[PDB]
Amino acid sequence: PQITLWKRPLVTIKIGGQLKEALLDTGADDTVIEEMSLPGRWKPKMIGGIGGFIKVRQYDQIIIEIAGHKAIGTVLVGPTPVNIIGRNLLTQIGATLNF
């Protein structure tokens, strides 16, 4: 699709068999999701947002569908105000910015 930006670019994602809403976020290097259960081991990560640095849990090689497109990659879990799909997964679905 071609997504205009008059409204937030919200999509449905599927992760762990569950549907969630998330924002397509070119300003995010990484994908950050609200608290949820994921399989496997996690690693620590500090990320810096507009209001400072939070701790998240980094899970690698997670199956995730984004607007019907299949991806497999890193998901950060923690106290984000919105689920954000960052560049690590936007690249996997072939997303570009155009003007």
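One-based numbering along the sequence shown. We call the rigid core the largest set of C-alpha positions that still match within 1.5 Å between the two forms.
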Fit on the core, then compare CA atoms: does 42 to 50 or 26 to 34 lie farther from this form in 4 other deposited structures of this protein?
42 to 50
Higher-scoring stretch by recorded Cα B factor average, 51 to 59 or 29 to 37:
51 to 59
Per the PDB entry, mean CA B-factor is higher for 82 to 90 or 10 to 18, namely for 10 to 18
Determine, from the deposited record, the chain-internal third of the Cα B-factor for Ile3: lowest, middle or highest.
highest
